[PDB]
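As a starting point, one isolated chain is supplied in C-alpha cells, in the form deposited in one PDB entry.
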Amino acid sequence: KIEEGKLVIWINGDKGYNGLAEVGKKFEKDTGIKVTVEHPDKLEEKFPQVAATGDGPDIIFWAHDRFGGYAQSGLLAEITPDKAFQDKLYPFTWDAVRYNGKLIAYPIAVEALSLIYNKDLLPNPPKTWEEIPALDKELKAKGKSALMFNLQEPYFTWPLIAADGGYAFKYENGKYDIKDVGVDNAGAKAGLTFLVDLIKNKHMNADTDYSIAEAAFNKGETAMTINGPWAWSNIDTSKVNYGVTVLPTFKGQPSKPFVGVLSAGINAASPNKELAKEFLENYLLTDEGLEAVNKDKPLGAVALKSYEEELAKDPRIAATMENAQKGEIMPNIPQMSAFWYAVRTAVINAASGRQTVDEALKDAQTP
C-alpha cells in the first residue's frame, strides 16, 4: 500500500519541487521522517486512478477546483486545522478548499488575472472600464490601441461579465447550488453588453486570441492587456516597461476574475495523515517553508498572510492578490465543464454578432 513512517508528495513539474524537497529535508532533520517529492506525468488524472486503488502519494498538490472531484470520490481526508492556524491564511482561500461543507485541503498559493499595462504608453492606467473607449481614441491616433486581451476564452472575459453581478454557481456555506446560475442576470447582461459595445465601436476585435494579444502587448502595439503571472516572463524578455495593477471597475464594482488556489490534499489512504498535517502546517505553511519553494519556482501570491505581506513588496504580486480577493473562486464541481462550454458559446456568439447579448445569455443559462 502506502508505507508508514515517511511522506510521498506529488506536485506538478512546473512547480518548485526541489525547494519543496528542501522543506522535506528540514522535516526529516527534525523528525527522522523521509519526505520524497516527485512530479509524475499526467498527475491530475494519475492520482485518482492510483488513490482509488489504495495506493499513491500521501500528499498531492493541485489547483483547488480539481480537489472537488477527488473529495466526491472519497479520495481526500478531511483536514483538521485549528482556529489559530486557519487565522494564518486569508479567509477566502479556505473557501476554495471546502467540499460539501468540509475542509479537504490546505491552501498554498493564489492566482488570478490582472491588468497589465505599458508604462511608456500609459503611465496612469484607467481605474474603470468606462474610461477605455476615450482612451482607445487617443491611442488610435498614435498608431496604438488601448487594450488587447484574449476574447476567445471565457476565463479571460469573465472578470468583466461578472463585475456587476454575474457568477457561475452560487456559493453558500461551503456548498455550491447547481441550480442557481448567474450567467443570465442583469449583471452578466450589463458586462457582456459592454464587451460587445467595445467591439462594435472598433475598440477591440472579436477574433483577438491569446497569441494576438500577447504579441500585440509585447511588441508595444497596445497599452494594456489582461493576463496572469505565467505571462510575466515573456514580457520581461520583450523589453516593454510594464506594470501590473488592479483590473478596472465596471459600474463602480471590481472586476471578478476566477481564482485558482494551489492546495495540498491528504490521501484518504495515507497511513501518515498526522505526519502530513504536521509537515503542511508546521513546516511548509511558514515563512521559511514557502520561501524555499518560492526561491525554486515563484509561487506568485500565497495564502499565508505573513509571507504574502513580504511578497507583496512586488506590486505585481500585490495586484495579483488584490484581484484574487475581489474575484470569484473557481467552483470545484463537475458542472463547471458545462459552464465553460456554455459561456464560451455565448461570448463568441455575442461578440461575433451572430446573436444579441440577451439571446446569447438566455441560451447559456438553460443547459
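One rule holds for the numbers: they count along the sequence shown, beginning at 1.
One more form of this protein should be noted, the form deposited in another entry, which is absent from this view; the next part is about it.
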- Query: When the C-alphas stop fitting one rigid part best and start fitting the other, that is the hinge; which of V110, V343, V97, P57 is there, between this form and the one not shown?
  - Reply: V110
- Might you say whether the CA atoms of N173 and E322 end up closer or farther apart in that other deposited form than in this form? Their distance differs by 3 Å or more. farther
- Have a look at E322 and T80: in that other deposited form, are their Cα atoms closer together or farther apart than in this form, given the change is 3 Å or more? farther
